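A.B. asks: Here is the sequence, then the experimental structure:
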Amino acid sequence: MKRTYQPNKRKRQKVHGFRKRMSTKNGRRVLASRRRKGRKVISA
Amino acid sequence: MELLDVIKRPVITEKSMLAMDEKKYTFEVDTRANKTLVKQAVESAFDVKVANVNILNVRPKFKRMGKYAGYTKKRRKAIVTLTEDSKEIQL
Amino acid sequence: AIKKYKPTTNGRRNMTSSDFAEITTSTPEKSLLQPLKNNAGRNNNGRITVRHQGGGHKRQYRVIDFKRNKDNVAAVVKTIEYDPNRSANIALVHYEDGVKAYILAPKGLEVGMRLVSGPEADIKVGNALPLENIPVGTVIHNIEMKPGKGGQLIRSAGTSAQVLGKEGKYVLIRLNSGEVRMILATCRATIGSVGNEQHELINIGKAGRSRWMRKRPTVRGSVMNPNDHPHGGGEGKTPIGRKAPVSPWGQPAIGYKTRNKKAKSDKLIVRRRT
RNA sequence: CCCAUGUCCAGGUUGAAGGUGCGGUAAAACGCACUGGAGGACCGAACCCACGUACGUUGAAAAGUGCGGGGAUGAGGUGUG
RNA sequence: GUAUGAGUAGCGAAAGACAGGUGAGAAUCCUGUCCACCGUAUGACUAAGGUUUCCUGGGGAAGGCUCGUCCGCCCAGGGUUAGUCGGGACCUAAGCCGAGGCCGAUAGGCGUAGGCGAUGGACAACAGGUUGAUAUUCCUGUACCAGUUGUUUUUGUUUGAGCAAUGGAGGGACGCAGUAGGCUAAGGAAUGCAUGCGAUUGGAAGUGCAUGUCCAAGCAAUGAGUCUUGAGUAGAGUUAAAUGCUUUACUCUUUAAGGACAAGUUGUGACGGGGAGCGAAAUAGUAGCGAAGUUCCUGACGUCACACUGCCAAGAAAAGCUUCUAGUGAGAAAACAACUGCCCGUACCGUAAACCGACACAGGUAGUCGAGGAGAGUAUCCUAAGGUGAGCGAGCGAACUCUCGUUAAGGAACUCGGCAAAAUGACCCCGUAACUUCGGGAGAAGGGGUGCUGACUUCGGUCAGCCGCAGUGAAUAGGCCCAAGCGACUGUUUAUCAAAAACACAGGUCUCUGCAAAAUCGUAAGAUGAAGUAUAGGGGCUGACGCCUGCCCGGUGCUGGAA
RNA sequence: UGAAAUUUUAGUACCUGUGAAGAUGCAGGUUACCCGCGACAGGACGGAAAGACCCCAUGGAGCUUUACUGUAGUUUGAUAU
Ligand SMILES: [K+]
Ligand SMILES: [K+]
Ligand SMILES: [K+]
Ligand SMILES: [K+]
Ligand SMILES: [K+]
Ligand SMILES: [K+]
Ligand SMILES: [K+]
Ligand SMILES: [K+]
Ligand SMILES: [K+]
Ligand SMILES: [K+]
Ligand SMILES: [K+]
Ligand SMILES: [K+]
Ligand SMILES: [K+]
Ligand SMILES: [K+]
Ligand SMILES: [K+]
Ligand SMILES: [K+]
Ligand SMILES: [K+]
Ligand SMILES: [K+]
Ligand SMILES: [K+]
Ligand SMILES: [K+]
Ligand SMILES: [K+]
Ligand SMILES: [K+]
Ligand SMILES: [K+]
Ligand SMILES: [K+]
Ligand SMILES: [K+]
Ligand SMILES: [K+]
Ligand SMILES: [K+]
Ligand SMILES: [K+]
Ligand SMILES: [K+]
Ligand SMILES: [K+]
Ligand SMILES: [K+]
Ligand SMILES: [K+]
Ligand SMILES: [K+]
Ligand SMILES: [K+]
Ligand SMILES: [K+]
Ligand SMILES: [K+]
Ligand SMILES: [K+]
Ligand SMILES: [K+]
Ligand SMILES: [Mg+2]
Ligand SMILES: [Mg+2]
Ligand SMILES: [Mg+2]
Ligand SMILES: [Mg+2]
Ligand SMILES: [Mg+2]
Ligand SMILES: [Mg+2]
Ligand SMILES: [Mg+2]
Ligand SMILES: [Mg+2]
Ligand SMILES: [Mg+2]
Ligand SMILES: [Mg+2]
Ligand SMILES: [Mg+2]
Ligand SMILES: [Mg+2]
Ligand SMILES: [Mg+2]
Ligand SMILES: [Mg+2]
Ligand SMILES: [Mg+2]
Ligand SMILES: [Mg+2]
Ligand SMILES: [Mg+2]
Ligand SMILES: [Mg+2]
Ligand SMILES: [Mg+2]
Ligand SMILES: [Mg+2]
Ligand SMILES: [Mg+2]
Ligand SMILES: [Mg+2]
Ligand SMILES: [Mg+2]
Ligand SMILES: [Mg+2]
Ligand SMILES: [Mg+2]
Ligand SMILES: [Mg+2]
Ligand SMILES: [Mg+2]
Ligand SMILES: [Mg+2]
Ligand SMILES: [Mg+2]
Ligand SMILES: [Mg+2]
Ligand SMILES: [Mg+2]
Ligand SMILES: [Mg+2]
Ligand SMILES: [Mg+2]
Ligand SMILES: [Mg+2]
Ligand SMILES: [Mg+2]
Ligand SMILES: [Mg+2]
């Protein structure tokens, strides 16, 4: 009974990290959307 | 940074007092200060000769007063061991 | 020769393999090795472009000299070695100047043979010459289509081509497929035929052996769903149920030629086969 | 599904090819012993799986448990990236 | 928001009992004693993950499925110490990014040099002690690695010691399986050694009982053993050069010699440490003290070591590293003294109440160590070290449900179906059919033996005796046979109602593909196919093996033809 | 210590009949002091799920082909280079 979420610091950052978001245009769109909505944490 | 700004304050606790008996003193230092810089600052400030310097990073500790919760500031703790034939630091 | 395993187990039953008698050593020349990763039939996009590939044993690439453009000195055949990358066996040869190299192993090659390359080289098994210097009727292999590019044609185990005649700046050749075509006279080739002729008689014997050789299972289109293959769907076993059998992408699979109809080489191909 | 790189498979059993020796022959084929240790080999823990059945079915559990069950050197299990 | 169901279901795998203590209050907290549970784990380490949950002192609002004086909860303080351990200032795999560049309505895609990137390679320290909480991190002792200054002794200063390439090289450097050997851990036995003790329940001062029965890294010496031919002459190469390295021919050597490795052992580290136990007050078993540390048996796939042997599926790279000159050079080396050596992690849980499952959840969670008797074994039962008594209980001992034991006579009459249960089960010996692809079928089937005590043995037995209902006396261990269909087989599949006759498979056949191959991803570039070349690659169908695979080309496709 | 599904309000019997044709509740008759506890499951066309079967909508989606209309690709010619 292996569940969907298997925590891993490195994988979390490499997939959802701030630098990964910046690396692509659409990731920057996500960051812009987070900033517009006012999220305290815009990236993982 | 300035040497006088490297060292922030001493640490007075049971463990620190036992360290003093062994002629080692515990100081809170600037979080960007490496043990070599700490050694230089201690020598300039206290006229003593430093035998060794150990250093740790004390993580921020979670706290909460009433409905508001946050973290205490992160700290850097340095245990400075003075050589023999060296003046003791007076506090 | 081909050694047949006794049917100790159903998997072992009917299995055959090569005794590797011709193989003289199992230590490849460290200088000529290169790393190879298994692409598993996946391109730079990461998509599967060729099916039924992946897995299997690890391999080290052996740098084979198909150019054979070192005409200065002769090369003594030190060893005959097994090569996981190709069906044919390879041969380690030392040039008298101290350059080590790998070549294909022509049928009948033996340790100690002093192969030579260049126009003046005598017509002997393993030597390399430009096609213009090879007399008609010779059996050759490791043919190259562009001068200096290196042998490309007739390199599998047991294959061989024959020189039929000369004309203009080209030479007439019958390839292993039976196709007759012209090849530029300045292109080189190696006299003889590729050894390891027995390779075609091996009986793999069990599925796990194919998996070792990096062949993943092949699923027939007739047992897929309609959205997976044109043959897919239908209740129970079904016939082809189309005008003609087709590939997963609709290309007919029986008799439908695929060679480009405006192929540049058609001017050089005299008689086709396959 | 795949790539790279690691790692795991208690303990038993069986006895392929090959080799040696002795018979046999004109030479052999061939026969018999010994050696040798093959296998998607055998039995069976861990490990992996999930065939039967009972229970559970506002469950201990949004797929399980109990008793049995299959594989267990491979087309194997599994970690990391 | 509050009812009803209802003071009902549930309170989440199992052993607790009593005495004392604390307290307003105790089945639930603490101490004690006995009992019980796990012990290839429910023990000891650790990676990830969590992120303070760790320690000390307080608290009982809420959380804890009861209670709680208690807690992984709340409040207040405190706790993580590195030149050597893991990571970085070292290397690279897959993969990723990517200066110019290629391609493309825009956005961008791809990619060279060059980098990043471990899960791999390289790399200098170990034992003990110490705190409430850290320790290869602090302390004690003794080391090693890199480097600086100085002293001294050596020797070179441009016929030039020494250093030394990003360059030439060597090396690093690797699969699976199989036993055999060496060595050490580890375990066991002992009327070996040391300490303590003499029982009260009938007996024992002895061959009685209990306990313990040893220690590094580094340095020096040695080393079971492992691997390897070594020289010379003449050449040719190694973009320049080389004394390095590669290699061709020819002589001598090749049971050797030389060379390279090597687990471990002995000594020193050790006047040290640990150690049964004894044991202080001022307040504990705590300072402190402290004996002996032998022989024999077994003995590791732990290590020598992927060493050897065999096999086919043919088993990373790079750097560190060692050499070579090229270059660079006036200072180098040895001893000794002193001194320098940065950043990140270090708490705690970690087969779980601290991680993933919304829960303090009967699930899942990589790696290491994982003892004893019987035993092949990490199986099984009971135990050691060690850990634990499961976060609702007390009664009663109705139906009914579940889990479990036994059952007269019968023995499948049940039922869709022997579903379930029962039965067989370990080892040793005897014996074993049709059929067969000659391997099998086969542990077929069907039988016999097994305990204990003497005697003798060729050490496996034999004979003799003894006991029980029963001797693998408990736990753990195949039920078997006859025949038919389907699939050759091992395998794979609908995570979560289908594990199959379905898929796959080795084999067969057809067909495409002459290489910028066909095929596929992509607008393209660029890729895979392949660093492959028709004995290869793609596609269709069939599906081991054995015997075979008949007739039709009118129709539909495909192939050819070109008037 | 302490839920849940359900729940129009309920002081919530049986038979025969009647009724949207299968009544605890309507008619006639019969039976029955008030409140519970432990049990069973005939009924409340019991609870759970705006039936999946069937039909309908000028609903949707996946799939097929010699349905219609298109189209990527492939091919052939003219033309530009
Ligand atoms: K938020
Ligand atoms: K077979
Ligand atoms: K090969
Ligand atoms: K197939
Ligand atoms: K079908
Ligand atoms: K089950
Ligand atoms: K309620
Ligand atoms: K209620
Ligand atoms: K407390
Ligand atoms: K590592
Ligand atoms: K040097
Ligand atoms: K060491
Ligand atoms: K030593
Ligand atoms: K620590
Ligand atoms: K034993
Ligand atoms: K055991
Ligand atoms: K309790
Ligand atoms: K009762
Ligand atoms: K009952
Ligand atoms: K009956
Ligand atoms: K029947
Ligand atoms: K049988
Ligand atoms: K008996
Ligand atoms: K059995
Ligand atoms: K099947
Ligand atoms: K089959
Ligand atoms: K058949
Ligand atoms: K099955
Ligand atoms: K299937
Ligand atoms: K057939
Ligand atoms: K085929
Ligand atoms: K067909
Ligand atoms: K096939
Ligand atoms: K026809
Ligand atoms: K026709
Ligand atoms: K009605
Ligand atoms: K009822
Ligand atoms: K649908
Ligand atoms: Mg530190
Ligand atoms: Mg294929
Ligand atoms: Mg199907
Ligand atoms: Mg289709
Ligand atoms: Mg069909
Ligand atoms: Mg049919
Ligand atoms: Mg097997
Ligand atoms: Mg697991
Ligand atoms: Mg098995
Ligand atoms: Mg009730
Ligand atoms: Mg409980
Ligand atoms: Mg066990
Ligand atoms: Mg605590
Ligand atoms: Mg506390
Ligand atoms: Mg409570
Ligand atoms: Mg790129
Ligand atoms: Mg601790
Ligand atoms: Mg007495
Ligand atoms: Mg040169
Ligand atoms: Mg060993
Ligand atoms: Mg710790
Ligand atoms: Mg009975
Ligand atoms: Mg019957
Ligand atoms: Mg009946
Ligand atoms: Mg049954
Ligand atoms: Mg028994
Ligand atoms: Mg089958
Ligand atoms: Mg099977
Ligand atoms: Mg299912
Ligand atoms: Mg199933
Ligand atoms: Mg079929
Ligand atoms: Mg009516
Ligand atoms: Mg009625
Ligand atoms: Mg009324
Ligand atoms: Mg209903
Ligand atoms: Mg409806």
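C.D. replies: Alright, I've got the coordinates. Residues are numbered from 1 along each chain as shown, chains lettered A, B, ... in the order given. Ligands and ions are numbered 1, 2, ... in the order given.

A.B. asks: near ligand 43, which residues of chain C?
C.D. replies: On the criterion Cβ under 5 Å from the ion, ligand 43 has as its neighbours in chain C the residues C:234, C:238, C:241. For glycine as for every other residue, the C-beta is placed from the backbone atoms N, C-alpha and C.

A.B. asks: Can you tell me which of those residues comes closest to residue B:21?
C.D. replies: Of all those, residue B:21 sits closest to residue C:234, with 90.0 Å by Cβ to Cβ.

A.B. asks: give me every residue that touches the closest one.
C.D. replies: Counting by Cβ atoms under 8 Å, 6 or more residues apart in numbering or on different chains, residue C:234 touches residue C:241.

A.B. asks: Just say helix, strand or coil for it.
C.D. replies: In terms of secondary structure, residue C:234 is coil; the call rests on DSSP: H, G, I helix; E, B strand; the rest coil.

A.B. asks: Next, the contact list for the residue nearest the centre of chain A, please.
C.D. replies: Residue closest to the average C-alpha location in chain A (Cα atoms, centre = their mean): residue A:16, at 2.9 Å. Residue A:16 makes contact with A:43, A:44, according to Cβ under 8 Å, 6+ apart.

A.B. asks: let's see it at 6 Å
C.D. replies: Residue A:16 makes contact with residue A:44 under the criterion Cβ atoms under 6 Å, 6 or more residues apart in numbering or on different chains.

A.B. asks: And residue A:27, by the same measure?
C.D. replies: Applying Cβ under 6 Å, 6+ apart, the residues contacting residue A:27 are residue A:21.

A.B. asks: ok, back up a step: quick one: the residues of chain C next to ligand 43 as JSON lines, columns for distance to residue C:222 too.
C.D. replies: Formatted as JSON lines, the residues of chain C next to ligand 43 follow (distance: Cβ to Cβ, whole Å):
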{"residue": "C:234", "distance to residue C:222": "8"}
{"residue": "C:238", "distance to residue C:222": "7"}
{"residue": "C:241", "distance to residue C:222": "9"}
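
A.B. asks: Looking at these, spot the one nearest ligand 2.
C.D. replies: residue C:238 (29.2 Å; Cβ to the ion).

A.B. asks: How many residues are close by the closest one?
C.D. replies: Using other Cβ atoms under 10 Å in any protein chain shown, residue C:238 has 12 neighbouring residues.

A.B. asks: Same question for residue C:272.
C.D. replies: 13.

A.B. asks: likewise residue C:170?
C.D. replies: By other Cβ under 10 Å, neighbour count at residue C:170 equals 18.

A.B. asks: likewise the one 3 residues further on?
C.D. replies: Other residues near residue C:173 number 24, with proximity taken as other Cβ under 10 Å.

A.B. asks: Distance check, it against residue C:67.
C.D. replies: To residue C:67, residue C:173 is 19 Å away according to Cβ to Cβ, to the nearest Å.

A.B. asks: cool, residue B:72 as well?
C.D. replies: Here residue B:72 is placed at a distance of 72 Å from residue C:67 (Cβ to Cβ).

A.B. asks: Name the helix or strand for residue B:9, please.
C.D. replies: Secondary structure assignment for residue B:9, by DSSP states H and E: strand B:7-10.
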